[PDB]
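Coming up is one lone chain in C-alpha cells, specifically the form deposited in one PDB entry.
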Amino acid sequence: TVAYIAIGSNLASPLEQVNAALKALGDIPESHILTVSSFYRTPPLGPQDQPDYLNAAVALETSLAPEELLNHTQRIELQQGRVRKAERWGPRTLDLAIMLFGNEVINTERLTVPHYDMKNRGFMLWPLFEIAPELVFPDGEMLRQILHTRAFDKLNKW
C-alpha cells in the first residue's frame, strides 16, 4: 500500500528534525520511502513572530495496517518532536499526518483517512501534487481537480 504522509514542523531551524523524521519513516518495519516532495515554507498561523512552517509530502510503501502505521508515526513524533506549550493538546513541533492510505476510507476513534480537512489545505495538497499529480481520492475526486477548482496559491519553496 502507498501511504501519503504530510510532514510539518514549526521549529525555527527545522531541517535537522525533518531529516531525522525522514530517516525514522524509512526505519518503520515493512515500510520504505518511495519519494519525498520538495520542502515548502508557509506562514505561521496567527502572529508572524513565529518561524515559518516547513511542509512536505512523503510517499511511503507499506504492508502495515493503517493503525500500525499510526503507532509508528506517533512514536516518531514523540521521539523527534516536543509539546508546544502555547497549545499543549494540539500539534507537536513535528507533525506527521497520514493523509491517505492506499484507496482506503478509515474512520476510528484515533484515525480518520483521508485526513479530514486536507482538501481545504493548499499546504497539504501542493506537496502531494508534486509527487502524485495523478492522485485520485477514495470518493473519486481528483487531486488535480481540487487544486484547479479551488484555486489555491502555490507555496514558496524552503
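Residue positions are given as counts along the sequence shown, with the first one as 1.
Engineer: Would you determine, from the values in the PDB entry, which of 42 to 50 and 116 to 124 has the greater average C-alpha temperature factor?
Structural biologist: Averaging CA B-factors over each stretch, the winner is 42 to 50.
Engineer: Per the entry, where is the mean C-alpha temperature factor higher: 125 to 133 or 94 to 102?
Structural biologist: The entry gives the higher C-alpha B-factor average to 94 to 102.
Engineer: Compare the CA B factors listed in the entry for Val18, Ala12, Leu25, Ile146 and report the winner.
Structural biologist: Across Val18, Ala12, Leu25, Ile146, the entry lists the biggest C-alpha B-factor for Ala12.
Engineer: When the deposited Cα B-factors of this chain's modelled residues are ordered and cut into thirds, is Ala65 in the lowest, the middle or the highest one?
Structural biologist: For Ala65, whose C-alpha B-factor we compare with every modelled residue in the chain, the answer is the highest third.
Engineer: Please place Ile76 in the lowest, middle or highest third of its chain according to the CA B-factor in the PDB entry.
Structural biologist: It falls in the bottom third of the chain.
Engineer: Going by what the PDB entry lists, where does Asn55 fall on CA B-factor within its chain: lowest, middle or highest third?
Structural biologist: Middle third.
Engineer: Relative to the other modelled residues of the same chain, rank the CA B-factor of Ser37 and answer lowest, middle or highest third.
Structural biologist: It falls in the bottom third of the chain.
Omitted here: the form deposited with a small molecule bound. The next part is about that form.
Engineer: Going by heavy atom distances of 4.5 angstroms or less, which of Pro133, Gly26, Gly102, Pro43 would be at the interface with the small molecule in the deposited complex?
Structural biologist: Selected option: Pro43.
Engineer: According to a 4.5 angstroms non-hydrogen atom cut-off, is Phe123 in contact with the small molecule in the deposited complex?
Structural biologist: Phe123: contacts the small molecule in the deposited complex.
Engineer: How about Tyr53: is it within 4.5 Å of the small molecule in the deposited complex, going by heavy atoms?
Structural biologist: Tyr53: contacts the small molecule in the deposited complex.
Engineer: Only one of these stretches, 57 to 65, 44 to 52, 125 to 133, 29 to 37, has heavy atoms within 4.5 Å of the small molecule in the deposited complex; which one is it?
Structural biologist: Every other range fails; the passing one is 44 to 52.
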